[PDB]
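This report refers to the structure that appears directly beneath it.
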Amino acid sequence: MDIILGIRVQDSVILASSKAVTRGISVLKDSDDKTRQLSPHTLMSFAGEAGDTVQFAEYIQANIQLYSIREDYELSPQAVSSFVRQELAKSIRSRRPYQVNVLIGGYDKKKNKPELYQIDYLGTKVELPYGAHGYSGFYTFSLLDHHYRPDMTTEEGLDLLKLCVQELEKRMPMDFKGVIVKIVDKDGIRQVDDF
Amino acid sequence: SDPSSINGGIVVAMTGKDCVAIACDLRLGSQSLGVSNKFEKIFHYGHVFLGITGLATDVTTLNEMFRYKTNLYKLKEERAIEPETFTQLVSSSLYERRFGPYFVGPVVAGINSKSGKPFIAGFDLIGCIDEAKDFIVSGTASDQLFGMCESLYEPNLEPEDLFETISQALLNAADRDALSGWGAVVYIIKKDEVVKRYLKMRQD
Amino acid sequence: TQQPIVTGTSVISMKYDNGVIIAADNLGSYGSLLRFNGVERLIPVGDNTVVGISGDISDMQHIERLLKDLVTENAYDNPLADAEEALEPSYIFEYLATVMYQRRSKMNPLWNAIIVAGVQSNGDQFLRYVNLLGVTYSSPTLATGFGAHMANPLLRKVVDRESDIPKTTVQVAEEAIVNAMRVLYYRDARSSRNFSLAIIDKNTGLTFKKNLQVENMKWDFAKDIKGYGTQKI
Amino acid sequence: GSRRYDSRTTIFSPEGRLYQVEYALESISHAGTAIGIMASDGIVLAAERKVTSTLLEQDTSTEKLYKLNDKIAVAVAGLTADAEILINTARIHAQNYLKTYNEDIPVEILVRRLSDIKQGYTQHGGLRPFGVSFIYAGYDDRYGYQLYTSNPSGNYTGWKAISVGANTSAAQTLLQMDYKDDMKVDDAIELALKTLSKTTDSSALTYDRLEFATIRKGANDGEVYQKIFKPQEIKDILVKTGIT
Amino acid sequence: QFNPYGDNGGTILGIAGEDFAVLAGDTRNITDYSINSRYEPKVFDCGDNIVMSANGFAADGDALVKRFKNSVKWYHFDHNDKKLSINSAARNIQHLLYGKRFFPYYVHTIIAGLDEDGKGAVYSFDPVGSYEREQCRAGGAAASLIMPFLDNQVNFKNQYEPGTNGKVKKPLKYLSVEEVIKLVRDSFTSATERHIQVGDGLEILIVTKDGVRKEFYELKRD
Amino acid sequence: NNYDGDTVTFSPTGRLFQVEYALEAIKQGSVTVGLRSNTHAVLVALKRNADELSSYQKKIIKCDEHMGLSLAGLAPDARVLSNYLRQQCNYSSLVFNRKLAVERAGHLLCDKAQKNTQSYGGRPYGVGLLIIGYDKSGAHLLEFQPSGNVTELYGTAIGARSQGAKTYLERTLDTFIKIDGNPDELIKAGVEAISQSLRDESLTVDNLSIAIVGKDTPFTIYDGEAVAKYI
Amino acid sequence: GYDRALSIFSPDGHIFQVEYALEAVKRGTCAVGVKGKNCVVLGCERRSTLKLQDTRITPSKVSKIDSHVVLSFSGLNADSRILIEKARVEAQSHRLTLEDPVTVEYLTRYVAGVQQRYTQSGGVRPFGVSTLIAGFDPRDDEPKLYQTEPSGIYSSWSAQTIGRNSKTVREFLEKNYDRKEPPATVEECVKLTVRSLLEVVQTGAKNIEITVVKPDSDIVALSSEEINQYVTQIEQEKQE
Amino acid sequence: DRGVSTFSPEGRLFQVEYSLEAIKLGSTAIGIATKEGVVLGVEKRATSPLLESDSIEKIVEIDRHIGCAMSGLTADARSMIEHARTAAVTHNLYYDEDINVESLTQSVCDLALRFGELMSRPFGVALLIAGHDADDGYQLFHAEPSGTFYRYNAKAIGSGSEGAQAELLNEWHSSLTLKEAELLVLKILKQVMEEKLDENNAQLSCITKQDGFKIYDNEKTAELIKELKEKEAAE
Amino acid sequence: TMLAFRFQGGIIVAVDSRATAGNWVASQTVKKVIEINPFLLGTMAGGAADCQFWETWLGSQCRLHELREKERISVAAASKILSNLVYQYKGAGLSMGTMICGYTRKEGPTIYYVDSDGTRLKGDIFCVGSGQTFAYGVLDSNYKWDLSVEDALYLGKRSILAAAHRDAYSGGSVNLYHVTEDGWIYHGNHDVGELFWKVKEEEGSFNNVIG
Ligand SMILES: [Mg+2]
Ligand SMILES: [Mg+2]
Ligand SMILES: [Mg+2]
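Residue numbers (the authors' numbering), protein chains in the order written: chain X, 1 to 195; chain W, 1 to 204; chain a, 1 to 233; chain P, 1 to 244; chain Z, 1 to 222; chain S, 3 to 233; chain Q, 1 to 240; chain R, 1 to 117, 125 to 242; chain Y, 2 to 212.
Structure, rendered in structure tokens:
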């Protein structure tokens, strides 16, 4: 798919993901949620080749849910991100690689810290204060490099995210039909229904 | 397209008097786009240091792999691996992927704990060992580093002088490369103390 | 997938009233080089079948061995190997046809065009074609390569349809085959003057003729041809 | 055919017991006693080497206490060769977990994995089980200090204090008598050595007949240190506790 | 490079009547601009009152027919000599074709016979197994020449009733076997005139409750 | 005794007891008769029922248009072997455009049964077969034993009380061999032969099973009211 | 590979290896399952021969297969882990492909199928384990309780017990459990489950484990003190 | 010990003969075939009153036109049913039609002797496979672990089989109605069962051409039981 | 051209009938709707064989599900069996565009778009094929949740007609299906050659064409 953004503020991680699903010359759906809850305090957004994206996300989801049940324990975001990276790093030298880029936003309940990980289809992991995949970063990183401060409040993070989406809506050629925004904090995961 | 120059980055190592130095930039990018300015390329397993340039997924993967192997080595041997031995391990590990290689340019640096002799070594992506006395270079600005090192370097430099030489070799080489820079780290290594210094450089 | 190296050109054949005739020159070409001048491309199987093969010679030699092995295998635990349970032309063909199509389906063909000529137990004439693609067909006249283009037209003037077969004698049929072989020598750049001819008759059996030559050739008129248009001398 | 000579190692008795497991446990009951004691500020591992010689090179010798990673160690009771097969597997499993999740393996997960391997040999394959019982001493940031034991059946359990090998019945009674929950490592060290000193089949307990180890947060600030005791260090702690 | 496929030309035609069915096909076999055979049967009786033809690449066509005939034999063995219905045969052929989805039988297959209510039936297949019951279907080289003629003369397409001027269609009256055979012969005569791969001879297999009958007709040999 | 635990063990007198026990399963099976002339070959089989509510177990299996057999012993083993024959008959047709010779069919069965008698883990087949067929050398009748032994015969019988039918055929040898171009009389001789193996029970309409193959006669099985003619 | 047929029939038509696997279950600690009107309770015996145990880390007897289903067992402990693992994997696989969590019946059918497979596969012995599988189907408020055994047969139970002295506690449940009116509340259901174990257990201290499963993935394990209050109230009513 | 595929001196496979003994210990199952349909009935035999009897599934649907009842080690039947269902559906996929009851039964029986040293032992369960097809009409088969299957007009398997079979011998005739067959299964089940027959410890089912295979409700069977009691008291 | 949309009265499914090989019209009588069971429908677009084969196969898997689970298969589960299958063949060259449409108690009326690329999407409206854009125009401007079964059926019929007219690779005839709480209901084959002139006259549309 197209645009997926992430921003880590003081006490939460905010993921924004486009709603459009274009298959050729037609916009098939304008309400697609490009994300899966891996665990109560870990969310993964994704974008790449059709089919592979969802197949990969649900495969990762299942594995983490299996781990949670076996150990009666939630893995740290760092641990989940490392598991995901290894799967993609394994995948890139396969017969047919997963063509999927992901952002993993999680709140570590042990350290009481939000964490944002950006991983591409090659298995290239980086922890960031804010991240993006595809052409999104080309427009948004300049704004983020400018207005972001690490002690921001979730509301300030959302305002800065609106600034990013407005710039994308102005300068990007493709109509991505707005974004679904989700916040990950100590209380878990919730969706901002008005954006 | 060329895997060795998608992410970009550089590493350089030098020998001094009873000391070695290894340095790297902090950039990680997706071609023209700068993504991270905290992607370190130097790792260590005990007192042996390993710098890795090239494709970032493989840099991360190999680090995890050599951590794996050096941890088992230590449990069985009941001692930390030495630079000379680790160098052979890196070569072996890389050549086993001869026809499906990791796209990297590793650089080993360290001091033998028994002999006290400084040691550096470089490799190609498939295991060929370049065991130089003076210096080793790797990355997208290796040509630049070769020119800087070949002119700036002199043998038997003291730790604090060696720092200046390797720092200026890296900095000025990175500034002539589009895919390198965005910060830099320098490790100064002595037989039983290691100092790590982050360098102030231009962020473009 | 390969490419043919040492090759054999046309194999021509036709039915007549009491049997079938088949013929093929004794050349093994190596591109434009006429390298081997003593190659037998008609291979008899028993006393009732002759298999004529064109195309790659190394593959021909392989097929030759399969047929030799087929006879051996048919004799095993077979008291009627020289009688009721002897190899028929139809059995030999279908075997080859199976092999050819299997090999093309593995994308590793036997680079040949084969004509199996023979006479069945009930005296019926057998004449069927198979090639590297596993393509099969039967006709009163069959020819491979250049023979398809030049021989068939001449042989079809003798036997144009099924009803012409009982009207065609062995002398007339052999005459047509020998004439066709001459024509191919005139016009095929990969033919030789020397050839082998085989007759399988339901009465007189298998007659295998070796060391035949193209004769009664017309060349004298060449002396009168001068230049390419305007030249008189 | 070959059926004639098959012992059938993986079958139930009429009573519902696994013959080979029961006999492997009988084998282990003759092995040198190993004791594990868990305290609030660390874990103690103590073990007795079997009838040694004066010509045995003790300082380079290891038959009882093994290191799985920096956080986890094991005490062995049974066939040493069998134990080393499993130990190398466990070491690899810990490294696999570290590579996958970039975190040190939780103690129980490692213990479960080895215990599952042992279980497999009792249910399928037709091979004899590993004649080994482990005491796992380890630490992680979830449960803190943990003691486990596994045996040839592949069954594992958690403990505050536990013994394996010879004279476990006598040893377990002595531990049950003197163990308390608010106990500390230095006290646990003393309890372990006192228990061995009473249950030993030898005439006297000496440094050359012992292997000793501690897992302490007695490492500079929030981290854990493993200490495999040297022969001279075992000799000193024997004098300190007043056994020699 | 080796090309495992070829084109043996030919053309086939199936027409379903009210209580009969026909499957016709020319007897010419070719490669490029040469004739291989003027009489090489292409339409086969496969048993159980089913007729079949796999037009296109003859090697794949002969292989498929051979394998289907085999399937009929084993259907009798495995299911107590039960008669294989035309609908069941069609589905079986879909699986034969799709079994080679990634290395196809390069053929246009048609089968004809009677359904379980005794009515005429024709089924048409593409090279990779898609199939559909039809009243009328031409296949092969000259299919593009014949089908429009059949749309017009069998289904009365674009034909209306005089006097009404486009308001009332021509009613779809049923055709007799003698009427169908006329349309088949005219179809192949016309195809022979304008298509070089069509000619030599026409062989028609007619299927009724009484069994399978054959009819042969000469075609132009040029 | 000590040498009957598996098929891989000779006894001290050189006997294979597992094979002999498999042979015993045939003797427990219901009687079936085979006989031929120069033009036709006939199978006659006495089918056995479990009780009055049950059907009568089928005894005859078709292998090709020109070949088939009757069974006595373990029916599932006959299904395995008949399936193998079907495949071999079919391989001969598809590859060589050649109907499989009855003698060669016997050789293939012999070799398939043999492998089960020399290897560990497996077991011998627990069934006897009577194969009839018409090929290029005329009519044929074979007797298959799961020891591997296959024998071409003019006539024979296998199963319980088969000795009575076998003696009858041994007397009638000169008569029934001459029954050429008359299928009904050849079947009559077979029905009369199998009657010599009956005790207490007699041939009823759902009891009797007959098969025939010949010069211009495909292998066809007759059951039910189709065999009432011969009762 | 090792292909030896260990589970085979005997002259009297018994598979002794499967029957000896049941004897291993008979040896195992007692487990009990009781379903109320809007809940299911799983009770489990802990033999007090093992003190100095660390109850934080010791494998608990009741295992969550998913957030809405639980599994307890009697028999070989090591064998039970293999079934539990397979069941947990199948639970996630079912969610992945069907987009809906397993029904309690489906999960039971799977575990039972695994147990059966080990009774006619070469080179393997049967599981020496019987299980009690309990929970609530997705978007359903009807309680579910199933039992499995080494042979692979499974069935649904209003109340059931397995393990050592299960004959005694089944005797108790058969006279005390009324089908027309099952334990209406969580209290009544837990009380009846504790009562049934008290017929066999010995001391009501740390020897009884109780786990209550309610609809919509509401699973909780009772503590020592909470259970001890039931033990106290039961005997005080008994003194009369 | 001895081979799993060993022949006895009498010419029987030891393991097959021993599995037949296990089937004799199983709960009774009865099948009766008529021209109006085939009826299948089973004894549930719950080991305890706390066992919810409706969870006992000894009668099973293979396809819309084929049902199946079991007796013996019922856990062994699950893979046989799975194969039967797959075979039935697969044939419909390949041939766009229903599969013949005999062909279905033959496919199940092919599994039977696939044991050795494939599965480690024969099946310890017998099946009554009942169904309908256009060619041979209403049919009832008895599939054994020997690989042998007999067709039956009526058949009883399990612990009360020889007593029930003798009763079916007298009672069955070619003009039985479906209602008469239902009562007849109930009558014979009640005779051979240890416990008193009711709608909770016994289950009925039938297969008809129109409605296909149906397992009877406990309310529907209860009425047939009451109808049976009255007609037996009628003389 | 094929469409499917959710509304008050369940689901409407409408498809065309044309099949082409290049510019050659191979068939005008193709059945692009697959009756998987009394409650499930499957639409076919792309490769004729791929769609036919794997959707009839899907019906075998759905039948096996309800035999094993004694319960009707969900539209979600049915669609995912097909999507997981085609995903295994990804790269091999399958060509499929399908809508899996059905009704269950737990889900209500549901439509899933399944694709040979592995795409599986739930939604209210879908149009697939070479003439999908033409159908979308009519649908989007006239769609409401509160449509009568009669009006919804017409909208679907009219949206295919729109595409049959403009798209060269669409046409022949229109097949209508209506899926309710009690299953699907076929609503006839409608020849475009007669439907066009009928709609033009009655609706007053298609004023560019002369008739
Ligand atoms: Mg820059
Ligand atoms: Mg022409
Ligand atoms: Mg158009």
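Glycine is no exception: its CB is placed at the ideal position from the N, C-alpha and C atoms.
Chain Y places no beta carbon closer than 8 Å to that of R:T105, leaving this residue out of the contacts. Not one heavy atom of ligand 3 falls within 7 Å of the beta-carbon of Z:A59. In this structure, Z:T192 has its beta carbon less than 7 Å from a heavy atom of ligand 2. Distance from the CA of Y:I186 to the CA of Y:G103, rounded to the nearest whole angstrom, comes to 12 Å. Put simply, the backbone Cα of Y:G23 is about 20 Å away from that of Y:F135. Taken through DSSP and simplified to helix, strand or coil, a:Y76 comes out as coil. Within the region 53-73 of chain Q, the residues whose Cβ lies closer than 8 Å to any Cβ of chain X are, in chain order, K64, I65, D66, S67.
Restricting attention to alpha helix (DSSP H) runs no shorter than 4 residues, the region 78-154 of chain Q encloses them at 104-117, ordered along the chain. Excluding sequence positions up to five before and after X:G48, its CB lies within less than 7 Å of the CB of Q99, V100, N101, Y121, all in the same chain and listed in chain order.
R:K194 has a beta carbon lying at 8 Å or more from every beta carbon in chain Q.
With three or more CB-CB distances shorter than 8 Å, the region 62-78 of chain Q counts as touching the region 35-52 of chain Q. Taking a cut-off of 8 Å for Cβ pairs, the region 37-45 of chain R and the region 201-216 of chain R touch, as three or more such pairs fall below it. Excluding five sequence positions before and after Y:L196, the CB atoms of its chain that fall closer than 7 Å to its own CB belong to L162, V175, given in chain order. The CB of X:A62 comes closer than 8 Å to the CB of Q92, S93, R95, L96 in chain Q, given here in chain order. Z:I146 has its CB no nearer than 7 Å to any heavy atom of ligand 2. With its beta carbon at least 8 Å from every one in chain X, Y:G47 lies outside the interface. Interface flag for Z:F44 against chain S is unset, since no Cβ pair is found closer than 8 Å. Contact of S:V10 with chain P is assigned, a C-beta pair being separated by under 8 Å. For Q:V186, DSSP records no beta bridge to any residue. For S:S139, the C-beta contacts it makes with chain a under 8 Å involve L80, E84, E85, in order along the chain.
If you draw a 10 Å sphere on the C-beta of Q:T203, you find fewer than 16 other C-beta atoms in it, and that means exposed.
The way I'd put it, the region 149-165 of chain Z doesn't touch the region 16-26 of chain Z; fewer than three beta-carbon pairs between them come closer than 8 Å.
Among the residues facing chain a, S:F98 is included, as its CB has a counterpart in that chain under 8 Å away.
For Q:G128 against P:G126, the beta-carbon gap comes to about 17 Å, at or over 8 Å, which does not count as contact.
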